[PDB]
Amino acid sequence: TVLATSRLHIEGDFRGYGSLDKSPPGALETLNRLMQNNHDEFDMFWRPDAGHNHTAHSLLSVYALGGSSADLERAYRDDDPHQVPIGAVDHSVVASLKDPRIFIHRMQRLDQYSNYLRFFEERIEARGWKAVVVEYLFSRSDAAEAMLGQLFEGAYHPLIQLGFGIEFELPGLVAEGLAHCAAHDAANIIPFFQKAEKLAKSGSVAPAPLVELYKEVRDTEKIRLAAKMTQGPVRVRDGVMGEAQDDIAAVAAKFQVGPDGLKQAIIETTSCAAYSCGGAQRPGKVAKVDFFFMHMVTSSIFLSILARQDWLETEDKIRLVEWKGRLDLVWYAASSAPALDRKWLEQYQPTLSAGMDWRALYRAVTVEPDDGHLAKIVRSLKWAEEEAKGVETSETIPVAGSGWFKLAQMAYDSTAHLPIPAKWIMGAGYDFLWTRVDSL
């Protein structure tokens, strides 16, 4: 049967966190048609590693930046490579997924995306999307505890997918997010999360500022050297988790958020992510932003949005932010824990984006051929400026004030007018990748 949940219809004036100009007339009709087409026709995964379908991210991010119909059609066409036929649904499997032991058994298999999508659309039709998200992520059932680790997989793509669904209150996009979460292949991060949380809750680990834990990752050779450059998309599974899981779990346990610390922890994790992006530069080289660090920033807006949900308990919001900052240490390790310095972003002189304000940068981004990452990082940074309003740089907050926009300018300047493979550096700590980057 046709589910009401399957129809993705955005209506009303809500146009995204970090929005400035409203999209001109016609854009919402185009967004609705393309979002529905993508929902119905395309899989979540188009290849076995780094294969996340970004179509919904690119569309909603371009809409939030005030893009027109033509800018949404551009976003959609730029992500043609991400768009492959959705897998056939087995309705027998969908019925069996209501059994939580079968639900757990079938997780972490990419080919199950469409089965979990039909399952979550059916559950959301019956119970409403808020009730289903609480049940399957926050209820502390065996299934929800697995799902919560899965939510951070693949450099935060399930958190992003679910985040957009929550942000726009789109029940069928919430279903995509939960199905993405269930089906994502495992990087062996669940035991890292369990180990670090068990140490953090023991009473025996003193909390430390996140910026000091990045330094501990770089300064601990066994963690720093765990990932290998040519492990590429499996640096986390085969390197950081395979060689140094216990070691990095002991570092991550020191990131602890007190019951009044939610807003400050979102600012701290977002600031340290931005610091990684801006600060991992090399003398004599043009500015480049690390692909993985960019994901630490693009995902950060969804922590701010989750933090504002009235159907979610403060203790769950705090747990999300703790796990996110802990996994940011893992992605930092996976880029070979590059030296960070605040001077790079402080001293950066914008090129293509010089003299622009946010409105002008937003408009430049809406037309730039891209898979959605430029629109996502620029929006997360505009939003970070709002979240962190009145917070200045300090020993624990490495980026703030003018730094949020300066990083958005750097991201634009270092990616615009390049083919997608030249845009982002695929691990800033690996000396060899800088031999392929332009000298000043």
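From 1 onward, residues are counted along the sequence shown.
- When 343-351 is weighed against 150-158, 343-351 comes out higher, by mean CA B-factor as recorded in the entry.
- Mean C-alpha B-factor is higher over 5-13 than over the other stretch, the pair under comparison being 5-13 and 18-26.
- Note on the listed residues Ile397, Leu381, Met410, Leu60: the highest Cα temperature factor in the record is that of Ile397.
- Based on the entry's C-alpha B-factors, the most elevated value among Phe164, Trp311, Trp358, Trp323 belongs to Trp311.
- Placement of the Cα temperature factor of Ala375 within the chain: lowest third of the modelled residues, per the deposited record.
- Per the deposited record, the Cα B-factor of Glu197 falls in the middle third when ranked against the other modelled residues of its chain.
- In the PDB entry, a CA B factor belonging to the highest third of its chain's modelled residues is recorded for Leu418.
- Per-chain ranking of the deposited C-alpha B factor places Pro81 in the highest third.
- Among the modelled residues of its chain, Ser299 has a C-alpha B-factor that falls in the lowest third according to the deposited record.
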